[PDB]
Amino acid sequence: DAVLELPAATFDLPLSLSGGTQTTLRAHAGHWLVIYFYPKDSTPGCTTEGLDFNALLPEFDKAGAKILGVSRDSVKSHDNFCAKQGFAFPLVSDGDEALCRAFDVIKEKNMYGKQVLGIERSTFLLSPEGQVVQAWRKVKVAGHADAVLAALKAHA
C-alpha cells in the first residue's frame, strides 16, 4: 500500500519549522500527515495553495490529520509568510533540500541552454504509521487542497 519508499533516515531528519522549533516525521506517528512541497514562499501560486490548505484546516482536524508545508526558504521567510497570511500550520525550512530529495521532488529542466533544478509542487499523504499512501506530483494549485482533503477522508 505504500506508493513511495523513503530512506529510513528521512523520518529522523531534524526539520526546522516556522516559529523556531524543530520536528521530525517520526514525531508525527499516530496521526495522518499531509506534506505539501511548494517552490517558493510568498508567490501568487504558493500563497494561494497555503491559504487553500489553511481554509480547510478544521476539516483536516476532523480526521486528526496535520499539515506541513515545505520549501527551501529560510525560517525567517517562513515566519514572514505565515504571519502575513495567517497560516495555522507550520512550514518546514528545508534549506539543504534533505526532505525534498527524500521525496524526490527536486526536478531538472533543460532551459536557458542549461540544466536547471527546482522544487516541483508535490504533495504526499503519510499514514499514522509513516507510510506514504498517496502522492501528487507536478501539482496544479486550483482544487488541490480539496482533492487532498477528499483523498485523506477516503484513506482514513
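So that the term is clear: the rigid core is the largest set of C-alpha atoms that superpose within 1.5 Å between two forms. In this text, residue numbers run from 1 along the sequence as written.
Superposing on the core and measuring CA offsets in 7 other deposited structures of this protein, the stretch of 105-113 and 122-130 with the greater mean deviation is 105-113. Averaged as a root mean square over residues and superposed structures in 7 other deposited structures of this protein, CA distances to the shown form are larger in 66-74; the pair compared was 50-58 and 66-74 with a core fit. On average the C-alpha atoms of 102-110 have higher B-factors than those of the other stretch, with 102-110 and 121-129 being the two compared. Mean CA temperature factor is higher for 57-65 when stretches 32-40 and 57-65 are set side by side in the entry.
Taking the PDB entry at face value, the top CA B factor among 13, 17, 148, 135 belongs to 13. In this PDB entry, the Cα temperature factor of residue 78 sits in the bottom third of its chain's modelled residues, the lowest group. Annotation for residue 116: C-alpha temperature factor in the highest third relative to the rest of the modelled chain, per the entry. For residue 27, the recorded CA temperature factor ranks within the highest third of the chain's modelled residues.
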